[PDB]
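Have a look below at one chain only, the form deposited in one PDB entry, in structure tokens format.
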């Protein structure tokens, strides 16, 4: 009947932060939406789009905003040092949460830094776009949002963050931080990794007279979609989820090694079978 999120801080006002801010307003949130960014232009473009009401590039200026709900949306490796400043600035009743692509250890360090204020999350929604000029107001509609509560999580804040994601249309599901990094190490980080390595392959396998990038129409096209992926976002994911990424890369090698042994032996029905399972499983999801 009447609610309690006064002032919302968007930390890192780019594509995800702006999609959050826009989505939230479009769901009928009527309080303040503020921005903190190291880039004055991220805040400038954002204000000019009516995406935020006001922002800054001083973290100290954030206290004048009195945020009670903070969404972290910069690259994941900026989170810890930002949480530290925030822990001196934020009211004990503020809630802090995030859209970072990695969870695991990060969620525990952030609980430790921010005490009971922290709830880890990750919307599985993305279109590989960069910058706030690209942000959408319906990005989260029908998408899984994963929250990663731990024994220490404040239940009410868990509930508050969950409601909020539902208001922008997300479908919420809980996972342990560790399980999240495994699941997404395999389902998301590993595919990006092989996409980057494929692009690298075609660079090294071109000759001066033969440009392999002239011939995308035979299966490579979907892979070029990594053209748009942000190199700093991915460097940060790869390092922060290092262990699980190595594991996922190893399982893949395992799969690729099998397939190629089938090719070497010049199998036939084994190979056909292998391809047949893969088709069947990949069709199940679409």
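Shifts are known only where both forms have a C-alpha. Residue numbers count along the first chain shown, from 1. We call the rigid core whatever largest set of C-alpha positions still superposes within 1.5 Å between the two forms.
What comes next is about the form deposited in another entry, which does not appear here.
- Just one of 127, 112, 91, 176 moves its Cα by 2 Å or more between the shown form and the other one on a rigid core overlay, and this residue is 127.
- After superposition on the rigid core, the Cα of residue 226 moves by 2 Å or more between the shown form and the other one.
- Residues present in both forms were compared between the shown form and the other one after fitting on the core; consecutive runs of three or more with every C-alpha moved by 2 angstroms or more are 126-129, 207-210, 226-228, 278-282.
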